[PDB]
Every structure is written in C-alpha cells, then in structure tokens.
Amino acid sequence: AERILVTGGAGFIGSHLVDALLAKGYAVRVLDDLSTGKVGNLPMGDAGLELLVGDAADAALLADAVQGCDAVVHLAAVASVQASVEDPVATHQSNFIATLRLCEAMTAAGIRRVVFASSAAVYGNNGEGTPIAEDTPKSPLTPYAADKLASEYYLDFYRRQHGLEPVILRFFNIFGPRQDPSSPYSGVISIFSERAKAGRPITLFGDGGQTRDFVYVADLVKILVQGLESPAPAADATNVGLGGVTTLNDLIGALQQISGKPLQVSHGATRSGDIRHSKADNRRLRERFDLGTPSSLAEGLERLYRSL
C-alpha cells in the first residue's frame, strides 16, 4: 500500500485530505508543528496514520519523514496573511523554506509527485473584477504571497532540473468544518458561522458588496486526491476557484437563513488590505480535473453549520 506524506496534515484542509486518503486505502504520514493544526482533527486510531510533530522546514525531520513515502501533499504554511506582515522573517521559514527543504528531501529520496497549496494571493490586485486566469501578471503584496509564488518558482526549477512532478494549485477562498475561527483574520465564513451558531452579532467590514470565489473543502479534497493520482499533471499552475460570485451580503443572508435565527450585523471599516472583487477563471481547472457537481454555497454552509 502506498504512503502519502501530508505536511500540514493536522490543519483545516489537511485533516480532511487525511480522512479521504485513509478511506481510499492509502497509508498517510502527517508532518505538522501543531501551530494551528490539531491532533483532534486527525483519526488517530486509524492504523494507516502516522503522526510526526515538528517543523516542516527542518531538514533532518524531512529526511526521516520522506523515507518510505510515495508522494507528498505540501500544505504546511502559516495561513494567516496578516501573520506574515507582522513577522516576515519567521513566516518565511514556514512559507518558503519548508518548500525548498521539501524539494531537497524529495529529490534525494527519489520521490517525484508533490501537490502544492499555492494561493490566489499571488495575483494581488491584478485582474480584479474579472475572472483571473493563471497567466495574469503576478503582484504578491505580502511576504506570504511572495513566498507562495517563490515556492512555485522553486518547484518548477526542481521539475526541470531534477524531475520533480509538482501539481501547483492556487486556492481561492476555501471554507468548511474545522476551519479555525479563533482569529479576527480567520476566514469570514468560519467567523460568521461561529457567531450565528452562538447567536452573537457579526461584524461586516465595508459595504458587503465585496465578492469571493468560495470553495467547499470537500471539493478541494477531490482535486488534491486527483493531483496525487494524475498520470502526467500539467507543469503550470491551476486555479482552484469555481468562478462563482458571492457577495458578503449574499453570504450573510444565506447563513442567517440556514441558522434559522436572527443575525445582528455590526459595522467596521473596510480593512486596509481588502481586495473588493476576487473570482477565478475556472477553465484550466475544468480541463485538468473532474469536479463533478461541486457544492453550492448554500450546500456548503449547511454542512458547516450542521457540524457547528
């Protein structure tokens, strides 16, 4: 049976991927420093799961972690963009050095396939208000966004120089159960859903006309598995957005209706780094992956709410 190394596997997206891989019969090895990930996210009783608690930028740890692994999904990163603005030096270790050290360890070990969580943040403000195609000029505005893009560039280098097979996925806005709502910079759906469940007010920054391309985590997991099992994945990046349009006001009304409870909306100012419109051009995604029928926003919110 094949073993998948999942860096960041104890986190939001990672733990769902772990469940899905194990269910398909893979062995899984999680490498996670539990900075935001949680052991309670993992099915620790599954005989197919191994857990290594440590830093994904640690070369000695990666040399151990890759031994006996057949492929990698590289999800470890400090996901809070704001955290990278606060401390560029520390987050650069997690957001880029981990990628570089993983490439070195995979090349030594002879492992080719790595699926990488890049981000729509690499586009910055370019193409705003239009479906963003993958060849849109990049404009990373924070250390996080620059490290995700630099990670792409190094993965492509190891592909050409050393025969790595990277599957570069630029996530748009992923949501669903286990997304941690504890920070003011947690994903807005995790925050809004937590308040609605508790019956407490939410805070809307700006006028609510901002749009995002929301993706339910279960649909992202399908793509991640397919990137692991593809016979010859494309070299260049693929957006993971649906090409959908959801305003924050759309989201407020959908969530309120799902909770069946009234929802107080207090106001805050638009946050300084807030992009107003964000939507993916889904054409490469639809060409390269089988999305089937994705979850609509309502279906995804419902599953999230019904889990809390």
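We number the residues from 1 along the sequence you see.
Comparing 43-51 with 58-66, the higher mean C-alpha B-factor in the PDB entry belongs to 43-51.
Look at the C-alpha B-factors of 146-154 and of 205-213. On average they run higher in 205-213.
In this entry, the residue among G187, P233, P140, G163 with the greatest C-alpha B factor is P233. For the set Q82, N173, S94, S118, the maximum C-alpha B-factor listed in the entry falls on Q82. Per the deposited record, the Cα B-factor of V240 falls in the lowest third when ranked against the other modelled residues of its chain.
Per-chain ranking of the deposited C-alpha B factor places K279 in the lowest third. Residue-level temperature factors show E128 in the highest third of its chain, judged at the C-alpha atom. For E134, the recorded CA B-factor ranks within the lowest third of the chain. Only modelled residues enter the ranking. In the PDB entry, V30 places in the middle third of its chain by CA B-factor.
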